[PDB]
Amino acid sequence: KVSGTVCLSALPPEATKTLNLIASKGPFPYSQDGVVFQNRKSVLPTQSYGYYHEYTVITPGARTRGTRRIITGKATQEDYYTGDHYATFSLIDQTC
């Protein structure tokens, strides 16, 4: 389930950069950016293949893509942050 709504201004600066790349439809750093999020564990509300997509939120300096992601939904401003590899999600509020 969704651990709670969170303000964009509280997230790492890289989450803002990812949202802007989602807004412009790329380009994206990684080929896993914009792949369908199959939502295997039902942590987000269930939906047909392709209601969700996932994007890298870069962890500065890391040797991998790390564990930070934004998953988009189809609703207006429906976006969720995870900092722990799809274990927990917060709904992102871009107005604060």
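Residue numbers here begin at 1 and follow the sequence given.
- Higher mean CA B-factor, judged across 70-78 and 11-19 from the recorded values: 70-78.
- Checked against the record, the higher mean CA B factor of 45-53 and 27-35 lies with 45-53.
- When the modelled residues of the chain are ordered by their C-alpha B factor, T5 lands in the highest third.
- Ranked by C-alpha B-factor against the other modelled residues of its chain, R40 falls in the highest third.
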